[PDB]
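Backbone-built Cβ (ideal geometry, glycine too); neighbour counts: all protein chains shown. All of the numbers you see were taken from the coordinates with simple rules; none came from a lab.
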Amino acid sequence: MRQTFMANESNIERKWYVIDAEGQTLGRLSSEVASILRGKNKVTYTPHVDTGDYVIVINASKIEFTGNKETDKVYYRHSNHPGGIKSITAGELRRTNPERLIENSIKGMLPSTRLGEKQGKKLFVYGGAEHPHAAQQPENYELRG
Amino acid sequence: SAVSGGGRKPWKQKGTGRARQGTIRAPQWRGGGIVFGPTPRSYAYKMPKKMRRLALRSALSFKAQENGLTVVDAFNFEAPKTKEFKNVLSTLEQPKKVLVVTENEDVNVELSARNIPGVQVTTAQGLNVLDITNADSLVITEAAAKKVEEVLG
Amino acid sequence: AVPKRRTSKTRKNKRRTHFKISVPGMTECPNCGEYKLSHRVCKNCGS
Amino acid sequence: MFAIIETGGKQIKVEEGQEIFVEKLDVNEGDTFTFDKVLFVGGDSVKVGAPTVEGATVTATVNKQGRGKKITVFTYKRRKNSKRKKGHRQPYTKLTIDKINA
Amino acid sequence: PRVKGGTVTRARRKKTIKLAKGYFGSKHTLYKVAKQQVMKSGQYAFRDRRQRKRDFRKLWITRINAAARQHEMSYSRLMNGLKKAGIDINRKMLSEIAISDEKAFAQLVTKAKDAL
Amino acid sequence: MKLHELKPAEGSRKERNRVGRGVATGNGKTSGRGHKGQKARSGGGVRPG
Amino acid sequence: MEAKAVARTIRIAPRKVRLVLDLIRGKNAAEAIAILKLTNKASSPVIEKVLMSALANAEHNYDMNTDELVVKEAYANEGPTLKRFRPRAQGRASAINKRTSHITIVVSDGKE
RNA sequence: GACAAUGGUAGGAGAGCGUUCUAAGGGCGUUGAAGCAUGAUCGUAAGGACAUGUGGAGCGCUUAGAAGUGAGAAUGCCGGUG
RNA sequence: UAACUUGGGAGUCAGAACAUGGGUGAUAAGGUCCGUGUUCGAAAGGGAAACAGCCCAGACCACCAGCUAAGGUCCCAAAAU
RNA sequence: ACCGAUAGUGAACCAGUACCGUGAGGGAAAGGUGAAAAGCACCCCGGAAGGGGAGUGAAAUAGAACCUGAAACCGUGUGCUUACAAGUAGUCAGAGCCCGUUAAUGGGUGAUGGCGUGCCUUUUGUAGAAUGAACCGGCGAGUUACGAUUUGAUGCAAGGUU
Ligand SMILES: [Mg+2]
Ligand SMILES: [Mg+2]
Ligand SMILES: [Mg+2]
Ligand SMILES: [Mg+2]
Ligand SMILES: [Mg+2]
Ligand SMILES: [Mg+2]
Ligand SMILES: [Mg+2]
Ligand SMILES: [Mg+2]
Ligand SMILES: [Mg+2]
Ligand SMILES: [Mg+2]
Ligand SMILES: [Mg+2]
Ligand SMILES: [Mg+2]
Ligand SMILES: [Mg+2]
Ligand SMILES: [Mg+2]
Ligand SMILES: [Mg+2]
Ligand SMILES: [Mg+2]
Ligand SMILES: [Mg+2]
Ligand SMILES: [Mg+2]
Ligand SMILES: [Mg+2]
Ligand SMILES: [Mg+2]
Ligand SMILES: [Mg+2]
Ligand SMILES: [Mg+2]
Ligand SMILES: [Mg+2]
Ligand SMILES: [Mg+2]
Ligand SMILES: [Mg+2]
């Protein structure tokens, strides 16, 4: 009816970032990373199309948990077969496949609609190294809030 | 009631799996039976005898008090000539709807003017109220004009 | 053992889509002016 | 060039020279009607202000005081049996702004 | 004088079907079910025209607060200072300034910050 | 007075309502009876007194 | 031109010659009789009788060349159905609908 | 210009459109009537129009009467088609 | 801002949950039975994850306008890391 | 101010007939070429049925299932759109591509986001796993006579009335 800037594809730019996964305790990081992916700090936010911009997290082993939940916060998974809850991953999952530790815990922050699961693919987590996306010119953002 | 047939009860009841239908000539069949038809009746009421004259003295006073009345003297012709009356209607000019009135009878005026569209020939004791406001022009003989006040007043 | 629902005009047409017939071989004889069926012999062909 | 005016109760952005829809304002077709309530007369050098900024938004001429497209309200309550429907057409007075006075 | 329903019906149902186009499948071709779907479509239309006024001043709150903290101001401290600044502007404008033309909004954030 | 423009008396012809002819008359589906019971059935009515 | 030829009451069902008729549209009309001659369906000669009877209207009537035509459209509408009975069990009958079908092909050179 | 009031079932109270026929007045109709299909138009509702096709002969409009007057449900009735 | 007298037209006589005073029950029930209030029935919205009966509040219609109530302010999801 | 073929008699049509019953007795459906038969001579594919030309006719898109031909429903190429998706089927935002109107804040299609459990009866209460409807047409439920009491109307007035 009136005017309101409804940004579009071929009207939006997308850039990149790098976050170091230092001693922020996985919620303090993986809340603020979710607001980056939804473009929610950029002014040209129109919710019916995908705004936002990519995020690579690099070292992913300096994550901690305060309290004694290093062995609690157990995870679950059901195979659809009977008797098949697999509680075999405690919250100490960092010793093997720690990429799936935070890449779980952004896809819970994002909505699960037919655009959000597209938008969850704009995230990358790497082991401890530098990122193999040197040919993409990332920048640095490291201060999360 | 009065349609033919219907004593049968077609389905039984419980068991068959149709409606609980009763006869063959119930109203919702495509057979007969109409629940609320027109009863042959009569359409006739009446006003009191004072109101029944007050309309009629108001009908022709609608003519005289505004726009239209004419009193002619009497006129006789023995042989029935339609053309000798359509002649007369256009001398003393009237429009297509016109009402002539004889005093009690006319062997010719009742029997002429019976072909022309828009003319009624009524004896002065047969003065109803539809035609006298259906017409637009009273043309009466002078012998009945003295009588209609002597019979309505 | 009955249907619970009339199947609409989408799962009628979507179901019958693997219900077709394909053409057969149709290799022509050398001198028939007539197409025999492959690995067969006609009645009035060059076969 | 760049200003913020208001009428009805709402606020309308000007982009000087354009034509904007707005609701019924009283003087007739084809005449010269102005505004006086500018909350922000920006432009090349923005001059933000008080409840007013003491600068007249210039007179836009008036066109086409007709009525809007018909919308159809229709509500009901579900199983207890009720109905309402009634038509509704809302007036609008478009106008072409021409200049500005800061 | 018996009177039957001669075309008070089919001239009436073909302004429901014609008013109901583009519905899926068999809700645009036939009366007895497609009268229901148009009959909800008004009931939605009365409802959601009270959502455009509950959605667009939920949109503008995002794209102001995305632009307010590009100048070290959170949204909550902003409009407290803006109301003390005596600025009677909407939000829809304060959006449309802050997305087309930053240099206007670049000093508008100062005036609210300078009242505090 | 004349036939083609006759006007009735001044508050004397009121037209009678057909009952049970639509939900938007004020007499819909049940036409003034109620829901169930003795009065609502066809032909029912207690003797007076 | 566009010559056509129909047959207006054929005894078979529509859904059963909808199979073979939706297999020869848009082909060379010369060999198009031979596809119909080399199946084994129900009315594979009955369509073939009509399609021979449409080429033979493209000669005496319209003088189009019988070199090689092309079939733009072929379809079969529902015909006037016949309705019968058959008794099965416990006194109840069940209807049998012996359907009928129109048939309609068009044949043309394509060029105007 | 004010000033207040307007959720709503059973139910009570007003103002209304449309269908068939008659009475009166006034019209349109082979230079194409009623119905039928299509359309982005008009009225606050029921509804009213106007062009364009198909249609081959009888219809509207104002006033006023009389009623076999309005359809989505009755395991409704009948005829069609899945 | 109601009240009462008269005269036409009815509908209801299957209620429910909360908050409190009580009997019965076992200081058992979404139990039953009385008092007394509210809401639903006959009331749509906002909060209580969804949820007739609890918490705010009563919809004549339009608009891409502002304040506020109950509940909230890291993300899904408007607002204080 | 009675009906115009589901109405009117059951029966407009070689009706109490087909048809069902051992019997007494039940008891249907089914109207319309045109002004006139002028009812398609002849040519062609096919065994024929049908069909394309020609021809009569104002009209055969009026061909003897015959005026008008609506809906369910089964089909034909098409402009937009669909194979990482959770759905009472819409509504409100809104991109891209195609078309140009009873010229108006234009029509069709919709990648993606909010919002959301059909309808009627019955209930203290229903999306309800309570009932009812396969769908589209047509038919189908406060009527009349006679009275009694009430307001509204209109004559006349200690009188009114057949
Ligand atoms: Mg009907
Ligand atoms: Mg009511
Ligand atoms: Mg109803
Ligand atoms: Mg009762
Ligand atoms: Mg009932
Ligand atoms: Mg009861
Ligand atoms: Mg009884
Ligand atoms: Mg009300
Ligand atoms: Mg009433
Ligand atoms: Mg008629
Ligand atoms: Mg029905
Ligand atoms: Mg059954
Ligand atoms: Mg208790
Ligand atoms: Mg109590
Ligand atoms: Mg209340
Ligand atoms: Mg909720
Ligand atoms: Mg959510
Ligand atoms: Mg007929
Ligand atoms: Mg016979
Ligand atoms: Mg000729
Ligand atoms: Mg059709
Ligand atoms: Mg779910
Ligand atoms: Mg109740
Ligand atoms: Mg179910
Ligand atoms: Mg059922």
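For a label point 7 angstrom out from the Cα of E:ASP88 toward its Cβ, which stretches of the range D:1-26 have the backbone nitrogen within less than 12 Å? Once the point is set 7 Å along Cα→Cβ of E:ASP88, D:6-7, D:9-10 turn out to lie under 12 Å by backbone N, inside the range D:1-26. Here chain A is treated as a sphere whose radius is the Kirkwood value from Cα pairs; by Stokes-Einstein at 20 °C and 1.002 mPa s it diffuses with a coefficient of 126 µm²/s. Convex hull volume of the C-alpha atoms in the protein assembly as shown, normalised per residue: 572 Å³. Taking amide H as placed 1.01 Å from N in the peptide plane, D:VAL14 has its amide H under 5 Å from the amide H of D:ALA3, D:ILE5, each at least 5 places away in sequence or on another chain. Taking label points 7 Å from Cα along the Cα-to-Cβ direction, A:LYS121 and D:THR7 give a separation of 5.0 nm. The phi torsions of the range A:131-145, fed into the Karplus equation with coefficients 6.51, -1.76 and 1.60 and a -60° offset, translate into couplings of 6, x, 9, 5, 8, 9, 6, x, 10, 10, 9, 2, 5, 8, x Hz, rounded to whole numbers, with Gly and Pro shown as x. Take the Cα of E:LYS27, step 7 Å toward its Cβ, do the same at B:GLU105, and the gap between the two points is 8.6 nm. In the distance distribution for chain E, Cα-Cα pairs more than 20 Å apart total 61 percent.
For n ≥ 4 DSSP H runs only, could you compute -39500 (n - 2.57) per run for the protein assembly as shown, divide by its residues and tell me the 222 nm figure to the nearest 500? When only DSSP H runs of four or more count, the value is -6000 deg cm²/dmol. Mean separation of Cα pairs under 8 Å and 6 or more residues apart, divided by the residue count, gives chain F a relative contact order of 16 percent.
The per residue volume of the convex hull around the alpha-carbon atoms of chain B is 228 Å³. Each principal axis of the Cα cloud of chain D was taken in turn, and the coordinate range along them, longest first, works out to 62, 30, 19 Å.
Among D:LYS86, F:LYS39, A:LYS107, E:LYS111, the ranking by other beta carbons within 10 Å of each residue's beta carbon, starting with the fewest, stands as D:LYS86, F:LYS39, E:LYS111, A:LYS107. Of all alpha-carbon pairs in chain C, indicate the percentage at a distance above 17 angstrom. Every Cα pair in chain C considered, those over 17 Å come to 59 percent. Rounded to the nearest 0.05, the FRET efficiency derived from the C-beta distance between D:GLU16 and B:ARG18 at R0 = 56 Å is 0.10. Dimensions of the range B:47-112 from C-alpha coordinates, computed as largest minus smallest value along each principal axis and given longest first, are 43, 26, 20 Å. Diffusion of chain G by Stokes-Einstein, at 25 °C in a medium of 0.890 mPa s and with Rh set to the Kirkwood radius over alpha-carbon pairs, works out to 160 µm²/s.
Amide H contacts for A:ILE19 (H built 1.01 Å from N in the peptide plane; partners 5 or more residues away or on another chain; cut-off under 5 Å): A:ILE56, A:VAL57, A:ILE58. Using C-alpha pairs below 8 Å separated by at least 6 residues, the relative contact order for chain A is 32 percent. Working ranking of peptides E:30-38, G:72-80, D:55-63 by packing, defined as the average number of other Cβ atoms within 10 Å per residue, highest first, is D:55-63, G:72-80, E:30-38.
Dipole check for the range A:54-105: with +1 at the C-beta of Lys and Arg, -1 at the C-beta of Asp and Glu, and the Cα centre as origin, the magnitude is about 100 Debye. Could you tally the net charge around B:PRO95, taking each other residue with its Cβ under 14 Å from the Cβ of B:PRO95, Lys/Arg +1 and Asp/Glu -1? Surrounding charge for B:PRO95 is +3.
Placing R0 at 35 angstrom, the Cβ-Cβ distance between C:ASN44 and G:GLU78 gives a FRET efficiency of 0.40 after rounding to 0.05. Remark: spin-label model distance E:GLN43-C:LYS9 equals 2.6 nm, labels positioned 7 Å along the Cα→Cβ axis.
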